[PDB]
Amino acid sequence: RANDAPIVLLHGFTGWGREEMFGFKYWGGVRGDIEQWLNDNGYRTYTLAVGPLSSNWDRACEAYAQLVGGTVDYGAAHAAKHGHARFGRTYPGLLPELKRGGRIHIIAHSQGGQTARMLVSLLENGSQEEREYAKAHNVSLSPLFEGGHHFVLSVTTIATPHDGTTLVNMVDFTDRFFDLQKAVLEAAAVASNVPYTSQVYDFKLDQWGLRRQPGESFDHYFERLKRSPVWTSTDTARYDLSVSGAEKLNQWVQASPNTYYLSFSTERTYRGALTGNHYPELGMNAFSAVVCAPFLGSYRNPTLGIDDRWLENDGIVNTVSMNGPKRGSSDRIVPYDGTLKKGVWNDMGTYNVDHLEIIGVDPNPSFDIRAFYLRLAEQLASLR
């Protein structure tokens, strides 16, 4: 121990706030509540809750405002390009002292990892698209695009598609993605064919002008979300989750030399005897084992360099993708030797735990979830 910085949890393409999903936690699922375990052991922990289906850009902006307070500013240039509100919601700020000079650790799961890397990237460097635009059109700029804000001491990514996931290429992907979404609903005891009055699981699509209406089931809403810009356009989680889009992301989102990056990879498959294809183990969450993993560990594509190294998977994301960014990237990934190195991806290795088990959404009695996150917190509680 000798940094005191809070931990900040960050979900992926599925995820909600503490008040949401009737208290059923993204971080902990059926195992309990990970934020609470940490706080009770004296690691101060806060939870971010951004647009699950939105782009990493949108989510970083949302994430910044949630962190220091204010209205979400997606950028005038960006807003004009993609045709959506410049301005979002207002947040009181979890840590407004961070302007004056605190520090955070981000712990991020799934696509959260991409959004954490880009939050840090934008914090340090800004965007010269938004800078040039603002002076061109004589409007204001969110401090997020100025640069010189260095306040993230660590990004820890867990089961993140740094190079993408190959699931995106699946033939029925659009439909099966929203079935994943409905599965995670069921996991939380929430049904998709009933008009919940309460918002329950808010997708936070204020920018796009999309909300679930009174008397609208999730099935219906998702059926509308499929035909919408949040599934259709460039500016989406779907896009940044494909192998090509992660590629574009990687090309501009580099590791801050002032941040400690950590990666945890996941696996819940075994190699074939005569092939190299991967197959889901007994105990992989039902939805992934049936719908997703067969494709994930058989899909080969010589054009995109998708060979045997991509087949091992955690039921959702190709395991090789979680090391750190590689495709389109300059960053350096090193195996964990004992001392966590700065400005580089410290590969903490691979765990026999599926995309939903590591967060607790699917059970795994063999995997001690509490010990994994408490072990992590203490690694993070060592310093610069």
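Residue indices: 1-based, along the sequence shown.
- When the C-alpha B-factors of 112-120 and 192-200 are averaged, 192-200 comes out higher.
- As the entry records it, the average C-alpha temperature factor is higher for 30-38, out of 30-38 and 355-363.
- Between the residues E223, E129, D172, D179, the entry's highest C-alpha temperature factor is the one at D172.
- Of the residues listed, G83, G164, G147, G297, the entry assigns the biggest Cα temperature factor to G147.
- Ranked by Cα temperature factor within the chain, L340 sits in the highest third according to the deposited record.
- Split the chain's modelled residues into thirds by C-alpha temperature factor. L9 is in the middle one.
- Residue-level temperature factors show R268 in the middle third of its chain, judged at the C-alpha atom.
- Among the modelled residues of the chain, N318 sits in the lowest third by CA temperature factor in this PDB entry.
- Ranked within its chain, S55 lands in the lowest third, by CA B factor from the PDB record.
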